[PDB]
């Protein structure tokens, strides 16, 4: 029985992670996508598609609100699109870089218990706790979820077979 039950035990653990990974959140303003396209840029959330499940929470918190940044080649030519822009979030972030070879912003940071503390300026801190559902690593989360699902099923059948 110890074998059969170890399988069921492993199947429950897998389900638990699946449940964890499938919670809603790590959402983005619906308008950011079109905006990125209309600016000729790529969302930072899409660039950090593959951030590991291990790093996603820390990095999403680290970036602060700039996590929703649209990355484009040159800011100078974005101006064109900003002048008169109103149909966008009250705070829109634009970062200059290469979507294909992007360099992480550098932050003055200290870590805490599943949280981060960024020094924005002198006598100005930003406390960003780790999100349950990080904005980054969405692609990696999805693959993981599907893989875990496939394993869950193999174990469910093995278990039923006794």
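Positions refer to the first chain, counted from 1.
Taking the PDB entry as given, 13-21 carries the higher mean Cα B factor of the two stretches 13-21 and 140-148. The mean C-alpha temperature factor is higher for 93-101 when 55-63 and 93-101 are set side by side. When all modelled residues of the chain are sorted by CA temperature factor, residue 38 is found within the highest third. Residue-level temperature factors show residue 162 in the highest third of its chain, judged at the C-alpha atom. In the PDB entry, residue 2 places in the highest third of its chain by CA B-factor. Residue 119 sits in the middle third of its chain by CA B factor, as recorded in the PDB entry. Per the PDB record, residue ranking by Cα B-factor puts residue 32 in the middle third of the chain.
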